[PDB]
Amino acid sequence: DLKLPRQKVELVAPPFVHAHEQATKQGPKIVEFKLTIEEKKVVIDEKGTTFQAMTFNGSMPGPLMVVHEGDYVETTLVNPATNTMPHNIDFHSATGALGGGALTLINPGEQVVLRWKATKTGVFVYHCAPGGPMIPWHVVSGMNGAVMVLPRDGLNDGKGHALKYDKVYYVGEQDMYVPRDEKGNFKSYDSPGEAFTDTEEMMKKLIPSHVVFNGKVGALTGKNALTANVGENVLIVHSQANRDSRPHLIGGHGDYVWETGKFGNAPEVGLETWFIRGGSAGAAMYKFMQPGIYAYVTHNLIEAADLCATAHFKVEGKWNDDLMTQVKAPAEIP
C-alpha cells in the first residue's frame, strides 16, 4: 500500500543517540525501530537501594529515536514471555488512538507493529500507558523515552540562520517513588507486582524519593561524564514524563532553547535555567567557551544535590581569561 524506501535503525543506549543527518535531501522514508520491554530489579543509588524497574530496551530512559518531518515511523514493540505484565506504547508525536496506546496493547509473549506519520517537528515523549492507575505506575517505573522529529532543512534560529549541532546527548530525568519501612530504610520487593501497593500509596503523596538522570545517581559523572571541547555546539535533549524539571548548565548558558521543545517555534536565547513541563521534552544548544567541569542539573538544588539529579560534563580546551579570571587568589583579610 505505502510504496516508499525502508531504513532500519540500530538504537543506542542513552545518553548517546543513533547516527542521523540534521538537514537531509532524502525524501520521506519508512523508518523501522524495534523496542523490547524488560522488567528488572536495578540499583539506583550508591548506597545500594534497589528498584523494580520497567524499561524499553533495558535502559532508563528508553532510547531516543530520530526522524525527519514527513517520515513514517514503524515500530515493533515486543513484550517477551519473561515479563509478567501487559505493556503498550503511546507517542506524543503521533495522531490518534491515544498516541498509539490503543493499538499497541500486548501481553507477555506477544508483539505488535504500528506505523504513524511524523507531521510535527520537535522532541516528544513516548511512554507506556496500559490503563487506569497502571499508567502512572509504568511511567515512574522507567517506561518512557523520547523521539526527535527534525525538519528536513535542519534547525534554525528563527531569523534565517542555520543551527547545526556537533553532537547531541539525551538526558532522561526520572522521578522515582521507593517506600521506606518502619525503621526508615528503603524497601526491596521480589516483583514489580508486589511493589505496586506500597509504591502506589507513596506516589499519591507526590514526593519522589529519588530523581535521577539516566537511571541511577551518578550515572553521568566520573567515567561516564558527557564530553565536549571548547568551540563545539552541543544539543542536549531533556525529557521528563511525569513531573516538571528545571535544567541548568552550571558555568554555561542555553544559547538557543526550545523549552516547549517544538521546532516550529523560534528558540529563546541566552537562558540561565529552563523549564521542562512534566509530560514533555525540550532541547537546548550551547557552544562551550571555556574548559573544565560543568554540572548539568535541575535547579531544584535539593533534587540536584540530595536526590540524584546531577550530570557532569568534561570539556577540553584553552582557558579564556578575558571571560573570567581569578584576579587575587584566597588570602588573609588585610
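Heads up: residue numbers just count along the shown sequence, starting at 1.
Next item on the list: Report the stretch with the higher mean CA temperature factor, choosing between 180-188 and 101-109 on the basis of the entry.
Entry: So the stretch with the higher mean C-alpha B-factor is 180-188.
Next item on the list: Between 280-288 and 26-34, name whichever shows the higher mean Cα B factor according to the PDB entry.
Entry: According to the entry, 26-34 carries the higher average C-alpha B-factor.
Notebook entry, point to check: Among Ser141, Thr84, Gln240, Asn88, which residue carries the highest C-alpha B-factor recorded in the PDB entry?
Noted result: Answer for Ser141, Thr84, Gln240, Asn88: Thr84, with the highest C-alpha B-factor.
Margin query: Highest recorded C-alpha temperature factor, please, choosing from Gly261, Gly131, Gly145, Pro247.
Written below: That would be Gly131, according to the entry.
Next item on the list: Classify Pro136 as lowest, middle or highest third according to the C-alpha B-factor given in the PDB entry, relative to its own chain.
Entry: It falls in the middle third of the chain.
Notebook entry, point to check: In terms of the CA temperature factor given in the entry, to which third of its chain does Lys164 belong: lowest, middle or highest?
Noted result: Its C-alpha B-factor, which the entry lists for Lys164, ranks in the highest third among residues of this chain.
Notebook entry, point to check: By the record's CA B-factor, is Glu46 among the lowest, middle or highest third of residues in the chain?
Noted result: Within its chain, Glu46 is a highest-third residue by C-alpha B-factor, going by the deposited values.
Margin query: By the recorded C-alpha temperature factor, relative to the other modelled residues in its chain, which third is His127 in?
Written below: Ranked within chain, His127 CA B lands in the lowest tercile.
Checklist line | Cα B factor band for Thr298 (lowest, middle or highest third within the chain) | finding: For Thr298, the deposited C-alpha B-factor lands in the middle third.
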